[PDB]
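Colleague: Sequence below, structure please.
(3 chains, ligands or ions: 1)
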Amino acid sequence: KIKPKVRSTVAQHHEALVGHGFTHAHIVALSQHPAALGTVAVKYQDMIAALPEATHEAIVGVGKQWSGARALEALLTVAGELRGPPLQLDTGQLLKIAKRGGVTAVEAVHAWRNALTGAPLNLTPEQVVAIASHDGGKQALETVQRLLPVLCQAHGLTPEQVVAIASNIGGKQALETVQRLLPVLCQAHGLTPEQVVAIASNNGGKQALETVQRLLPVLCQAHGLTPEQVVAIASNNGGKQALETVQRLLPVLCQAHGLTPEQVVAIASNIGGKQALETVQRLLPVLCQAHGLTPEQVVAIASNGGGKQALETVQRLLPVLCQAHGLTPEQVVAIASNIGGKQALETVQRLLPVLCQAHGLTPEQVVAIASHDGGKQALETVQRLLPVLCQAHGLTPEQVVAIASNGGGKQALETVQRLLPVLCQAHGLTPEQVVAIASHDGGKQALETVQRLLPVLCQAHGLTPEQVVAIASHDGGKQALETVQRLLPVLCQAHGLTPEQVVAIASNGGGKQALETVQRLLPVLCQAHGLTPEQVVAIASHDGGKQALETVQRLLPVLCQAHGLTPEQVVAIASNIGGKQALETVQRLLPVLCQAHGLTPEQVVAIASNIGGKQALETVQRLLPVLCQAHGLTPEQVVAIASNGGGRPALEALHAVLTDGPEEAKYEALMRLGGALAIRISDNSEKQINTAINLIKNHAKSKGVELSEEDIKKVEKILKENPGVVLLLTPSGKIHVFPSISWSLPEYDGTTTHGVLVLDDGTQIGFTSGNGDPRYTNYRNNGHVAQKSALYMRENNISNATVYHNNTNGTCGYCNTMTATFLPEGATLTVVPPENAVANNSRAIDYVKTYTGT
DNA sequence: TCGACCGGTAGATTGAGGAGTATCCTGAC
DNA sequence: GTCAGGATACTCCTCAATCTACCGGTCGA
Ligand SMILES: [Zn+2]
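Modeller: Numbering: from 1, shown residues only, chains lettered A, B, ... in the order given. Take a look at the structure below.
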């Protein structure tokens, strides 16, 4: 890595460089700019004087750039002044400016340290060191000091927005083109100034703006793309290229390869969008044909930053990680569907036989480590630090794998290694608490913040270490901890909250957002809309509480005046994870469900008042006509199966079982719903058929549904032609006919008990546990098979019957004598457990038993 | 001590998808 | 010397599903 033009000087200067502390690798890295090789070797002892505590890595980084020697010579005679009154610069910021900005940027910051920080601009030192530390920062600084008043006054741009526009490589061009294109992009094409500033704050913002001005009246009026999609495509490095290829590769990818336009937009709205689109066009048939992938898998691989490399690497390495290392294609696609998936996938190929053998891991654990945006670094750090953490700190290997299976991964793991002997000895924590803080996205920041703030929040604010650890043990606990330290004196002393409520609000995902929103909205929601602080805190004490609380502000009068809901019902809908979605969906769907589908507002509120109440409501809208017309389920049963947490998957599974499952699965699913009568006869005699039809008629009239004589004749024919057929009468009236289930009870599955009740004529009735009588819910044997048989005997005129069940644990203890309460006078009920019944507890009965009445 | 083949409510924990922030390297002129 | 495009790593916020823990009325032991 040494050029022939450089060797004749590196050989001469190696003798001088060695002895100051420079290794040969540092010499090779620094030899990119030959002029530095002398300048360091003659002045090193001086520079460490001008820049105390600047390691050799920093010196190499500064001196190896395009103007490293000049940058170091400038920092030699400029670092004295920038550490003075105007800017409070230290060594780190000086090296940050000189490494990236260069000698020109250092000189510019030196000469203009007064005007930039002075009154007319009011730039903080951080903003100056962020504008200056970029490739060509002197031009950006001059352009800012020339154009800040104009943008901040004439165009209404915040100084933070202008600094974010200038804090990029093409900062000068971006500023000088925003200043001339804001009147046009925000008046003719209808973009908000925030959209233009989001477009322009990128490495090529001038090109992106200049090409959006042309491709808004083309990619919208012809290709059918919304302005939000265009301004999300263009808001990335080199967005001009992404737009120019979406202009020509949208007809092809949406016609030949059959990609949805939203899929193409999702592919293109990334840093290297053009390259990803071109390589998808090249590699879609090959990957979907030879390597067995589906188009959705390829789109999910390519919808990521630098997805061309990930896609090509999958093409190259899929026949190897599936044939030699044993990973399945789903796992390879999961590894590669991330940022820098090429590196993760190559590192898995390299290290999977090493981590899984020398360190005791398993392929699933390695794949779970690698399936993140920094999987290569996490895997390498795990291989480095498993011998160290697991014995010098006690962390069990699953704890290390849980720490590293996150987006940070390497950072959190190194920080844990550095900070376990501190937090566990001085601040009084335990390793479990540290591993709980660190097992999140950005746990290095959380750990450092806890170390810095635990002595403060525990004395000045009155909290406790458990509360601080609960606040910190989330994604972005640094922000929640800082905002708690900032706002607890205000929230707990002005609005009337208490530290318990503030800690409950903060102990969530976006706790900083929810806490600031509560500060902003509590003097409003409890003054105009009529809520109370307890209701607002309950709305806010969830993930995304800012969204839910703002949505409540927006939709309390609309919901409470257009649809007749009470404030309590709106608050109950909102007091859940995802309450914004639930509230918006309730607004959208309350009339449709209430009128077209024959529901009530209370049923819609009950469906929506659950975690995932938007999915559970759209699913009900989609599936109610199918279930209540073909399968005979009443709307009440659908409402009660959807009014549960996670009630979309349950309803979908019920539909799948009813549509294509085996007959026994349909039978059990239909019994597990409600008041259905599952009758079966023994022979074809007239008396038995009449008894079965009589029982069916009584059950039907118990539910208030009248059976037509045609249905009676059909049932009679079915019973008179099919021996062993099962008639299952659902509450709505539909009579399912199962021709062949079994003649024996199903195997016990540990959850639902089955049972068959036999009368004196051979008629058999089916029962399962659960769904007890609502008027006997106080009893401890409500929903047990024996109680169900007792109540069935009580309702009709049956005085001698035998119920067989299949629970291997035997008869309950509660049914020991409370079952005799439900039988009428003189009634005889014989419970029979299975052959292998054993008493699993102190009171179970596992033998044939007889109960009488009272 | 003696019992749920129950259900309802509250907090907790696991997983996924989206968006924003930050740094470094290559090529062109 | 500045500018444009591409790849990789880390931190923060929102939504959905599942899991776990606790508790009650009423009857012989
Ligand atoms: Zn029982």
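Colleague: okay, CA-based contacts and neighbour counts for the rest of this
Modeller: Noted.
Colleague: May I ask you to confirm that residue A:679 belongs to a strand?
Modeller: Yes: counting by DSSP: H, G, I helix; E, B strand; the rest coil, residue A:679 is located in a strand.
Colleague: Around it, how many other residues sit close by?
Modeller: Residue A:679 has 21 neighbours, counted by other CA atoms under 10 Å.
Colleague: Could you tell me which other helices and strands the helix or strand containing residue A:603 packs against?
Modeller: Assessed by DSSP states H and E, residue A:603 sits inside helix A:601-608. In this structure, helix A:601-608 makes packing contacts with helix A:567-574, helix A:579-591, helix A:615-630, helix A:635-642, judged by 3 or more CA pairs under 8 Å, 6 or more residues apart in numbering; DSSP states H and E.
Colleague: For the residue in the stretch 701-850 of chain A positioned nearest to the ion, which non-adjacent residue is spatially closest?
Modeller: Minimum separation of the stretch 701-850 of chain A from the ion (CA to the ion) falls at residue A:812, amounting to 3.7 Å. Among residues not flanking residue A:812 along the chain, residue A:844 sits closest, at 5.3 Å (CA to CA, 6 or more residues apart in numbering).
Colleague: Against residue A:838, how distant is that neighbour?
Modeller: 8 Å (CA to CA, to the nearest Å).
Colleague: Name the residues contacting each of the two.
Modeller: A:809, A:810 (CA atoms under 8 Å, 6 or more residues apart in numbering).
Colleague: Let me know the helix or strand that whatever residue of the stretch 301-450 of chain A ends up closest to the ion is in.
Modeller: Closest residue of the stretch 301-450 of chain A to the ion, CA to the ion: residue A:398 (41.5 Å). Per DSSP H and E, residue A:398 falls inside helix A:397-404.
Colleague: so residue A:463 sits right up against residue A:457, yeah?
Modeller: Yes: the pair residue A:463 and residue A:457 qualifies as a contact (CA atoms under 8 Å) at a distance of 5.8 Å.
Colleague: more crowded one of the two?
Modeller: More crowded of residue A:463 and residue A:457, by other CA under 10 Å: residue A:457, with 21 against 17.
Colleague: Please report the distance of that one from residue A:478.
Modeller: 13 Å.
Colleague: Check residue A:734 too.
Modeller: For residue A:734, the distance to residue A:478 equals 59 Å [CA to CA].
Colleague: who's more crowded, these two?
Modeller: Higher neighbour count among residue A:734 and residue A:478: residue A:478, with 24 against 18, using other CA under 10 Å.
Colleague: How about the contacts made by residue A:48?
Modeller: So residue A:48 contacts residue A:54 (CA under 8 Å, 6+ apart).
Colleague: So it, which state does it fall into?
Modeller: Here residue A:48 is recorded as helix under three-state DSSP.
Colleague: helix, strand or coil for the one residue in the stretch 751-854 of chain A that gets nearest to DNA strand C?
Modeller: Per CA to the nearest atom of the strand, residue A:778 is where the stretch 751-854 of chain A lies closest to DNA strand C, at 4.2 Å. Look at residue A:778: counting by three-state DSSP, its state is coil.
Colleague: Return the distance of it relative to residue A:772.
Modeller: With CA to CA as the criterion, residue A:778 and residue A:772 are 11 Å apart.
Colleague: So between these two, which is more surrounded?
Modeller: Per other CA under 10 Å, whichever of residue A:778 and residue A:772 has more neighbours is residue A:772, with 19 against 9.
Colleague: Could you name the helices and strands sitting against the helix or strand hosting residue A:434?
Modeller: Using DSSP H and E, residue A:434 falls within helix A:431-438. Packed against helix A:431-438 by the contact rule (3+ CA pairs under 8 Å, 6+ apart) you find helix A:397-404, helix A:410-423, helix A:443-457, helix A:465-472.
Colleague: if we go to 6 Å?
Modeller: Identification of packing neighbours for helix A:431-438 by 3 or more CA pairs under 6 Å, 6 or more residues apart in numbering; DSSP states H and E yields no helix or strand.
Colleague: Report whether it contacts DNA strand B.
Modeller: No: Helix A:431-438 lies apart from DNA strand B when judged by CA under 7 Å from any atom of the strand; the minimum separation is 8.9 Å.
Colleague: and residue A:255, how many neighbours?
Modeller: Considering only other CA under 10 Å, residue A:255 is surrounded by 11 other residues.
Colleague: What parts of the stretch 151-300 of chain A come near DNA strand C?
Modeller: Near DNA strand C, when you scan the stretch 151-300 of chain A using CA under 7 Å from any atom of the strand, you find A:169-174, A:203-208, A:237-242, A:271-276.
Colleague: can you tell me which of those are in helices?
Modeller: A:171-174, A:205-208, A:239-242, A:273-276 (DSSP state H).
Colleague: Let me know the closest of the residues you listed to the ion.
Modeller: In terms of CA to the ion, no member of these lies closer to the ion than residue A:276, at 62.8 Å.
Colleague: quick one: which helix or strand includes the residue lying closest to the closest one once chain neighbours are set aside?
Modeller: In this structure, residue A:276 finds its nearest non-sequential neighbour in residue A:308, 4.6 Å apart by CA to CA, 6+ apart. In this assignment (DSSP H and E), residue A:308 forms part of helix A:307-321.
Colleague: got the buried residues for the helix or strand following that helix?
Modeller: Following helix A:307-321 in sequence order, the next helix or strand is helix A:329-336 (DSSP H and E). By 16 or more other CA atoms under 10 Å, the buried positions in helix A:329-336 come out as A:329, A:331, A:332, A:333, A:334, A:335, A:336.
Colleague: Which ones among these also lie next to the ion?
Modeller: Near the ion, judged by CA under 5 Å from the ion, there are no entries from the buried residues of helix A:329-336.
Colleague: any idea which of those is closest to DNA strand C?
Modeller: residue A:336 (9.7 Å).
Colleague: List the contacts of the closest one.
Modeller: The contact partners of residue A:336, by CA atoms under 6 Å, 6 or more residues apart in numbering, come to residue A:310.
Colleague: ok, it to DNA strand B distance?
Modeller: Separation of residue A:336 from DNA strand B (CA to the nearest atom of the strand, to the nearest Å): 12 Å.
Colleague: Same question for residue A:517.
Modeller: For residue A:517, the distance to DNA strand B equals 17 Å [CA to the nearest atom of the strand].
Colleague: Centre of the chain to the helix or strand encompassing that residue, how far?
Modeller: Secondary structure from DSSP H and E places residue A:517 in helix A:511-525. Computed by CA atoms, centre = their mean, to the nearest Å, the separation of helix A:511-525 from the middle of its chain amounts to 23 Å.
Colleague: Export the very next helix or strand once past it to PDB, keeping only CA atoms.
Modeller: Tracing the chain C-terminally past helix A:511-525 and defining elements by DSSP H and E, one meets helix A:533-540 next. In PDB, the C-alpha atoms belonging to helix A:533-540 read as follows (Å, rounded to 0.1, in the frame of the first residue of the first chain):
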ATOM      1  CA  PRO A 533     -55.200  14.400  34.900                       C
ATOM      2  CA  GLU A 534     -55.600  10.700  35.600                       C
ATOM      3  CA  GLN A 535     -57.200  10.100  32.200                       C
ATOM      4  CA  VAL A 536     -54.500  12.100  30.400                       C
ATOM      5  CA  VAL A 537     -51.800  10.200  32.200                       C
ATOM      6  CA  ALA A 538     -53.500   6.900  31.400                       C
ATOM      7  CA  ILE A 539     -53.600   7.900  27.700                       C
ATOM      8  CA  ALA A 540     -50.000   8.900  27.800                       C
END
